[PDB]
Every structure is written in structure tokens, then in C-alpha cells.
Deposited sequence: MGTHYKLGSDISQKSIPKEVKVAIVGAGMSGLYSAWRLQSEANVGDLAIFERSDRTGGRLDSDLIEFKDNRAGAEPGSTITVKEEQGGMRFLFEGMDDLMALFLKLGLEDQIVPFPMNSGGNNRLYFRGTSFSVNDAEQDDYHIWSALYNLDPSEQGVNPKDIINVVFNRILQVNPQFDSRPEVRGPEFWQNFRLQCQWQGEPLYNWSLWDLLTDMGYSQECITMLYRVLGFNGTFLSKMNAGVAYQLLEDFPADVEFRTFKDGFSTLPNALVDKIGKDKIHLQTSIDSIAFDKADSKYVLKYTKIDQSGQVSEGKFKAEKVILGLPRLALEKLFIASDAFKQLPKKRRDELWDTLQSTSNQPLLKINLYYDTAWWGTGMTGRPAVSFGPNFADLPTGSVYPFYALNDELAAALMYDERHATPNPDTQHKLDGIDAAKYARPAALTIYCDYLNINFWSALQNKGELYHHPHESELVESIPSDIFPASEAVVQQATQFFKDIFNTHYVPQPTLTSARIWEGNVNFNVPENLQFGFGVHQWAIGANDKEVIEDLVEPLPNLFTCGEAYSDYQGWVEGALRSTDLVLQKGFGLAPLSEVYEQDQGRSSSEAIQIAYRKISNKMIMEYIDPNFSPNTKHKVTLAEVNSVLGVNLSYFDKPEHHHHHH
């Protein structure tokens, strides 16, 4: 039942739409709102899967669960102040577990037909990179990612007017970095990273090594500017401690939906166009709803305020079709369309292949065991990430591991058995790539017949509805690249698969459950995002825009939250959540989350790993 009029109409049940409604209900006493979501699910670019595997090893109708992610998978305790505050207010801190990013040097690298480990690559003064790439003398004998770091240091050095001193380098730091720093008199947001390194004298061989070794090449080869490219590249230090939720990032939007109420959320309801009723000072919203039968139904309704929690492509579609934008004078209407062009569309994809057991441990490869983190390659694969069945003991061991503790022999021996035991349980690999590698897989995914392991029903309970299977061709090609990357003859067929290509669609032939926006966005060459961001808060009276795409912290949920906060401030008087958290708690969400996690971690370690722990 679509209401006749609401105080606030929220378009999009992604993080920014859900977060808007939750903060409005809770902090502004707005009860007369509704969320309108075109797909059959909440959460947008957060999309977890919990697959329940039949426990089929000899000594066992018991079940084992593998969490996977089709969208976002990780976050940080620092520099994500709205997100941390949001976790604490929803009481989700007790579900936070490690997201480890290395295997002590055993992670795989595949470049120019050669398979090797992270440890192999450091040997002999990083010799392998000098053998694989025709590098200049100043480009040899250094860890490739330290070239990125050094260049960053040089940028800071020639911009002394630019502060460069906060030990938490957050969105304001990164905005000022790309808008204030220059190289050779031109500011970084007028530079592409590719041009920049070239102008600095780097060989094309070295540049190619850099964009292949990082597994994501849009920072180099797309239309994003160098300044925002560096915000992304200096998000993955070596000393990263990422975290995630045990049951997946979807924990967060699901918790938001519990607080909001399913009755105020209208799924399978696309907002087609928007007009303004000058008589009663109300927006009018054309929608198309799809019943559970499939029975389509068009309709209209009114709203005092409209919040568009939507990325670039969806805003463009709305803009084109909406009288509210057309009735605008040509100058301002053109200026608004141009402003939408200021953030680049970054396609992403995740292909998840699930296995009844893991085959990349030492028992199956005869080579040093691969555990956690990205396995990078200049193959279309881009990056490959392992996922394991949920296991409390494993999570405690990983919590122990992220401490600087030095286990005694008995603790180390229990850790060893725990590390090895995860290979005997169901597990999965994610293929995760961007820009240049998208087209290899999309053509593959849409060709021929889809993959299904025979007797699927006999091993996997139910298959979630958000899972669309990988094509047979995708599985075939992924399997061959896995043999390359993991240097092994043995890669079995998967028991379950999923393909998700986060690439914007403009074809009417596409089923609803296959329409996805662009994976992420990043500011383009020439974008003054300080001007663009403020222009997009409230582009018409009482019609608001927010989300990741035009945010402070593109790539991340925190961007959606901070962008939405600007709407919540200007249209409703709400201060930023992180600042509201601090005044209510007497400390920051960062400090609070660190302390709470330390307590949960300590208890997990003493319960599962070392009863006599520090």
C-alpha cells in the first residue's frame, strides 16, 4: 500500500536511504516518511550471503555456514567516525571480527606468465620485478607499492602550505590534498595519475607494473583524477587492521531495517519521475510498482521533502524524466546536469566460487598455505580473496593474530592446528576486479549456459534469492586462472557460484534482479568537489541528494553516511552523527569502538586460544 502523501519521501533503500530514515525517526521525530526501492531487496551495494552447507564429512543433519560478500566486505576503526558511531548506537560492535589481509608472505602473485609468492618477490632485493618488467634503474630494487608511497611523500614535500600532520588522515585531509596540492603548478585534481607518474619520469613498464600489482587499475587508466586516486591508494597500508561483521556487511542495513519497520519500506517500487505541485507546495512522485504476482501498477503520490539516496546514473535517469528538472531555466538545468558529470563511474564485479573444502592449503597444493588477503595477478582475475566457513575458534585465533603477541610453543601449536583446520571445511574464493578487467567477464557471464553443480540440492540447503549463478564459461576460465595463480594442477569444480557485475545499465531488456549501478565512483579530472558537494545537497527547494557517488569518502560506506549527514543538517538541523555521538558519550566513536573491540577480542582469545593471555 503506497501512501497518498508523506512528509519525507526517501528514494533508494541503500545505506543512505536507510540511514536517512533511521536518523529522521530517531532524532527528528519524523514518523511520516517512506522508503521506495526499485529492487526486491534492501542494502544496495552492501550484499552479504549466508550459505548453509550440508555437513557431509564422515563423522557428522548438522550445518556449516559460509559468509560471502557480493558488495562491500570491510571497514576500519579509524577514519570512519559516522560508521563507528552507527555501529555502537545499533549495538553491532559484538559481531565485529578480523578481516585479515595477508598470509605472512604466502599470498600469491601472478605476473607475465609467472606464479610466485609475496615472500618470493622480496628475495634478492625485489629482483623478480626487475626480471619481469623492463624497469629504469631508479625503479628497480624497491617494493612496487613503496613507489606509490614515495611519490605521495614527494607530493607532500613540494606542498608545504599543505598541513600534512593529522595522524588520522580523514576525508577533510584527502579533500584538501586533491584540491590544494599541485605538481608543476597544476593542482592534483587536474592531473590523472597516469599523466602524473609519466611526467615524474616513470617508465610505462613501471606504471603498468604498478596498476597490475595493485589489482585495481581504474586509479591509473580511468577518468578519475590523481588526487582522489591517492585517497584510495593510501587506504591500504601494510599495517592495516581491517574488520568486518561475522554475518557480513548486510548485518548493518538489516539492523537499520529492524529499527525502521518493514511497513515504511516499499520494495519493487521504482521512482520514475518527479514534479512539483506549485498549488500545495508539494513534490509529486511517479512510480512503477511490481506486485508479488508480477502485476505491474503505475501511480503517483506527494511529498513535502524528497531525499534522493541515489548514485550518478540513477540521478541522471530521474533528472531526464522529471518535470521538476525540466521546468528549470536552461542555464541552471544545464549546470545541474554538468555537475552530475563530475564523478566518474567505476565498474566493479565480484564472482564468488564456493567449494566443499578449500584446495589452496598446503595439504592440497604441496606449497606454502594461502590464508587471507588479496592474491594479485595481471590476469583478468585482478584480485582473489579467500573466505572460510564461520568458526568461532578461527575468529579468536585471528583476533589473537592481530595482536603483537608472541605465542609460546603450546599456544603456537594450537594456532597451527586452527590455521590448518579451516581448509577441511567449506570455503570460497572471490574474484574481485575493476575497470580494465570488467569486459572480460561480462561477455563471459552473458554467453552460453549458466553453471550448476549436479546435486546442488543435496549439498546446499536453500540458495538465497540475490544469488545469480556464474556462467559455465566464467567457471571454466576462473578455474584455469586459479591453477595459474595458486601454481597447482588441482582446482575442483565449485559447489555453488554467484556473479555480480556492478556496472550501470541503460537497457530496458534487463530483468529487475540483474540491474545494478556502478560499483563505486571517484571524482573526475577537473572536478572541484568542494563546490560540487555543496551544490548537490539541496539542488531544488526541499529535494535532496546524497550517497556515496558524490561524497567525501568515495568507495566506502562512510562516504554515503557523511553525504547523507549534509542533507540531515541542511534540511533538518541534525548535526553529524559522529559529533552527536561524542556529545552523548563524552568520547569519540573511534575511541569507543577500539575499547569495546579490545574487550570482545580479549575474551575471545582467553576463551579459545590462551587462557593466560596478556
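- Stretches of the deposited sequence left without coordinates are 1 to 14, 75 to 76, 631 to 663, in sequence order.
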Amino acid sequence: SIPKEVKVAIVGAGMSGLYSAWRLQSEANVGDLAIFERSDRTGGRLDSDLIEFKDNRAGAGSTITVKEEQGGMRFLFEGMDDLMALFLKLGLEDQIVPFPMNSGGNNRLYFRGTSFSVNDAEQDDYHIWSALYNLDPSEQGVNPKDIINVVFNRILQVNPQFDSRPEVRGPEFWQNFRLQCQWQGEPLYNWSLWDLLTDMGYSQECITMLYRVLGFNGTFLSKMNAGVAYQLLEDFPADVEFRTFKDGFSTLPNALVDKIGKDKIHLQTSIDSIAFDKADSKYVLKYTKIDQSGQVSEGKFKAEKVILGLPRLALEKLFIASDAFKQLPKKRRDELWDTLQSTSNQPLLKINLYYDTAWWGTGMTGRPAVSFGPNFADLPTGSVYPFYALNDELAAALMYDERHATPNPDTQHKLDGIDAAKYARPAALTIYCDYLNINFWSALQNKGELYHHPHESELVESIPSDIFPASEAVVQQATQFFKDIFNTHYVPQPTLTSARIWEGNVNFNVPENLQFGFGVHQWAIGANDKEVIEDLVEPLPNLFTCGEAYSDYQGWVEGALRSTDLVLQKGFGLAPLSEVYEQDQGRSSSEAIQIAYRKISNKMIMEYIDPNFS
From here on, numbers count along this sequence of modelled residues.
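- Among other compared entries that model residues flanking residue 316, every one gives it coordinates, keeping it clear of the one-third cutoff.
- Of the other entries compared for this protein that flank it with modelled residues, all give atoms for residue 343, so not even a third lack it.
- If you average the C-alpha B-factors over 284 to 292 and over 225 to 233, the higher value belongs to 284 to 292.
- Higher mean CA temperature factor, per the PDB entry, when comparing 430 to 438 with 512 to 520: 512 to 520.
- Note on the listed residues 297, 445, 477, 497: the highest Cα temperature factor in the record is that of 297.
- If you compare the C-alpha temperature factors of 243, 112, 108, 404 in the entry, 404 comes out highest.
- Per-chain ranking of the deposited C-alpha B factor places residue 141 in the lowest third.
- Per-chain ranking of the deposited C-alpha B factor places residue 304 in the highest third.
- Annotation for residue 334: C-alpha temperature factor in the highest third relative to the rest of the modelled chain, per the entry.
- In the PDB entry, a CA B factor belonging to the highest third of its chain's modelled residues is recorded for residue 61.
- Annotation for residue 551: C-alpha temperature factor in the lowest third relative to the rest of the modelled chain, per the entry.
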